[PDB]
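**Q** There's a structure below that I have some questions on.
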Ligand SMILES: Cc1cc2nc3c(=O)[nH]c(=O)nc-3n(C[C@H](O)[C@H](O)[C@H](O)COP(=O)(O)O)c2cc1C
Ligand SMILES: Cc1cc2nc3c(=O)[nH]c(=O)nc-3n(C[C@H](O)[C@H](O)[C@H](O)COP(=O)(O)O)c2cc1C
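Pasting the structure below:
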């Protein structure tokens, strides 16, 4: 009587300020099958551009970031993980992405999907460094 | 095809508190809260459901943002305000609150999505850094 319906679930995901994505594993890729508006705003990429691609384009030229090894191992072991990564928007600007990945098993196909949540921590990091200097 | 199970998992994974409230008269009472909201406020889902979120203001009221929230809600505008809020144990924190009115043709009920996050540290840093800058 008083409880939410499924359209409300979509509304909560749409209202989120952090990016929220769903990806599915294929071989060495985990390809984006859903992104919310905040992900497009945060990354500068449109939904049409980046769907069915692995999120690693957000690392740009940066690789062998330690968090990436931790993510790969957590993915292999079926465990959730959280890493702060250097990421880059479509225009090339850098941001610090606090990224969480949660595997969830879909009852429909009994397939494991991966929920990402991207939070821009750049301002908090830079301000922490500035105050450390001060 | 993102089903309701996956949408729910996306809400459950959110770092930020996420709630749904429905308006009855001058109350908007909580009909859903996620785990991040419970951890942020220290209240369990069973304690706070079907109550207006204003209990989080505690002894405080007449904060300027509250007046802005009221006007924005009456006008159906989304809004964002940083409010002083209080946990179950009484501890104070700065809550960046984003309220989004839900537009739905399906049911007559008017709903609001709240998104809450603890900005206390960023506020502390901002004031300290501004003072030291002088
Ligand atoms: C659901 C999901 C979301 C992801 N989001 C990001 C992201 O926003 N930024 C990023 O740098 N990596 C993200 N990744 C990690 C990469 O997609 C990839 O798994 C990681 O770089 C390790 O794979 P690789 O060594 O083959 O590049 C995400 C991974 C998953 C599964
Ligand atoms: C969906 C939603 C979530 C809200 N969350 C909070 C909150 O977390 N903390 C808070 O102090 N007020 C929150 N509010 C605002 C109060 O519920 C209330 O609308 C505000 O105090 C102004 O109403 P009032 O002047 O009648 O007290 C929320 C409102 C809505 C609609």
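Protein chains in written order, with my numbering: chain V, 25 to 158; chain H, 11 to 144. Every residue gets a Cβ at the ideal spot worked out from N, C-alpha and C, and that includes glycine.
Please name the residues in the region 27–50 of chain H whose beta-carbon is closer than 7 Å to at least one beta-carbon of chain V, in chain order.
**A** The region 27–50 of chain H vs chain V, Cβ under 7 Å: 28, 30, 41 and 42.
**Q** Using only the alpha-carbon positions, how far apart do residue 93(V) and residue 43(V) sit?
**A** For residue 93(V) and residue 43(V), the distance between alpha carbons rounds to 22 Å.
**Q** Residues of chain A with CB closer than 7 Å to the CB of residue 54(H), please, in chain order.
**A** The displayed structure is made up of protein chains V and H, and chain A is not among them.
**Q** At which residue ranges does the region 93–132 of chain H contain complete beta strand (DSSP E) runs of 3 or more residues, listed in the order of the chain?
**A** Segments of the beta strand (DSSP E) lying fully in the region 93–132 of chain H: 102–111 and 121–128.
**Q** Closest by CA to residue 71(H), which one among 95(H), 33(H), 129(H) and 41(H)?
**A** For the residues 95(H), 33(H), 129(H) and 41(H), the minimum Cα distance to residue 71(H) belongs to 95(H).
**Q** Does chain H have any CB closer than 9 Å to the CB of residue 136(V)?
**A** Answer no: the Cβ-Cβ gap between residue 136(V) and chain H never drops below 9 Å.
**Q** Below 6 Å CB to CB, which residues in the same chain sit around residue 136(V) once its five sequence neighbours on both sides are set aside?
**A** Only 127 and 129 meet the Cβ criterion.
**Q** Listing by chain order, which chain V residues have their CB less than 8 Å from the CB of residue 112(H)?
**A** Those are 32 and 35, listed as they occur along chain V.
**Q** Find the nearest neighbour of residue 116(V) within the set 82(V), 50(V) and 153(V), judged by alpha-carbon distance.
**A** It is 82(V).
**Q** Considering only C-alpha positions, which residue in the set 139(V), 121(V) and 125(V) is nearest to residue 150(V)?
**A** The residue with the shortest Cα to Cα distance from residue 150(V) is 121(V).
**Q** Indicate whether residue 54(V) and residue 114(V) have their beta-carbon atoms separated by less than 9 Å.
**A** No, these two residues do not count as a Cβ contact at 9 Å.
**Q** With burial defined as no fewer than 16 other Cβ atoms inside 10 Å of the residue's Cβ, what is the status of residue 116(H): buried or exposed?
**A** Residue 116(H) is exposed by the Cβ-count criterion.
**Q** Do the CB positions of residue 60(V) and residue 38(V) come within less than 9 Å of each other?
**A** A contact, by the Cβ cut-off of 9 Å.
**Q** Could you work out which residue in 85(H), 124(H), 129(H) and 25(H) is closest to residue 141(V) when comparing CA atoms only?
**A** It is 25(H).
**Q** Is any heavy atom of ligand 2 found at a distance shorter than 8 Å from the C-beta of residue 100(H)?
**A** No, since every heavy atom of ligand 2 falls outside the 8 Å radius drawn around the Cβ of residue 100(H).
**Q** Using CA atoms only, rank isn't needed, just tell me which of 109(V), 75(V) and 103(V) is closest to residue 84(V).
**A** Out of 109(V), 75(V) and 103(V), 109(V) has the C-alpha closest to the C-alpha of residue 84(V).
**Q** Do the CB positions of residue 28(V) and residue 42(H) come within less than 9 Å of each other?
**A** Cβ distance < 9 Å, so residue 28(V) and residue 42(H) count as in contact.
**Q** Among 14(H), 80(H), 32(H) and 108(H), which has the Cα closest to the Cα of residue 25(V)?
**A** When only C-alpha atoms are compared, the closest one is 32(H).
**Q** Is it buried or exposed, residue 72(V), if we count other Cβ atoms within 10 angstroms and call 16 or more buried?
**A** Answer is exposed; the Cβ neighbour count stays below 16.
**Q** Give, in chain order, every unbroken run of the alpha helix (DSSP H) that is at least 4 residues long and sits entirely within the region 40–120 of chain V.
**A** If we require 4 residues or more, the alpha helix (DSSP H) runs fully inside the region 40–120 of chain V come out as 61–67, 71–74 and 90–100.
**Q** For residue 65(H), decide whether its Cβ has a neighbour in chain V, counting only Cβ atoms nearer than 9 Å.
**A** No, no contact with chain V.
**Q** Pick from 156(V), 158(V), 90(V) and 146(V): whose alpha carbon is nearest that of residue 119(V)?
**A** Closest option to residue 119(V), Cα to Cα, is 146(V).
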